[PDB]
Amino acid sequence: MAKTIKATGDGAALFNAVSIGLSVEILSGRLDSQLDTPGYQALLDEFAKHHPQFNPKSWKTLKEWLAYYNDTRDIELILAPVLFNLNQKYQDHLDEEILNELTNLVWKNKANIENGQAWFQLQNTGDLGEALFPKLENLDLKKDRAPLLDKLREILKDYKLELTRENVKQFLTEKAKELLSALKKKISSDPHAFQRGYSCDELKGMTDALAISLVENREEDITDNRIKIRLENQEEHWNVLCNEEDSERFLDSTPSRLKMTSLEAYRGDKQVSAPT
């Protein structure tokens, strides 16, 4: 009895899906009680910083934008990058995140790296199906990935320790200080970060601050009394659920108005014009 709204699979389907669902909650008014919270004013700030024609800077105007651009794809194009930028503001431990990606890469592919194996031939998943180093996979192959394997083959020439993850970790903290900072530069400035692939919890700081709970494949904590965005994931893709009573009132009201790629959206070069 709940409609599954298809989100676009550009690698940012988590953001696209959350955008659509968060819109319905905003236009329905069920979030009006939380619009003067720090988290939502932070969102209002990030929405204004992305849309130069967005004025006046208020939840009144932001509601009007979502009602003008009520097509789900237009909604993705104007809101997903805003939730993306807002999400970057809650990444407190990112230096450590990279250290754990690089140690997963080395621990699980030491022999592969020393034998000069191509990036696609690597082990990038774990025994439970998890993704070992998704931020590094996203960098450019020719400029970033292939050189990484080249310099890791060099550094590992001094790896005379046993092949534990603990040793790899301590080894990288001592022997790869500059390389880790170089990867922080490239990852933080990665123009295609939004295609990286995403987990719900990667957004937990922002959703928490937005008084929103993310329900993945109907695995709902009954204790949680928050507004719930219900997400669906089947083929490594994020869609969103929405009630028919809401989808007919706050979704696909209008035809598609925007003709821009997802890349053009996230980089903000192509401006979205003010409504009417």
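One rule holds for the numbers: they count along the sequence shown, beginning at 1.
Taking the mean C-alpha B-factor of each stretch as recorded, 17-25 and 254-262 are not equal, and the higher mean is that of 254-262.
Stretches 179-187 and 77-85 differ in mean C-alpha B factor, with the higher average recorded for 179-187.
Each of 104, 91, 195, 199 has a CA temperature factor in the record; the biggest one is found at 91.
The entry assigns its greatest Cα B factor, within the set 156, 203, 139, 131, to 156.
Residue 228 sits in the lowest third of its chain by CA B factor, as recorded in the PDB entry. Ranked by C-alpha B-factor against the other modelled residues of its chain, residue 272 falls in the lowest third. Per the PDB record, residue ranking by Cα B-factor puts residue 63 in the lowest third of the chain. Ranked by C-alpha B-factor against the other modelled residues of its chain, residue 7 falls in the lowest third. Ranked by Cα temperature factor within the chain, residue 35 sits in the middle third according to the deposited record.
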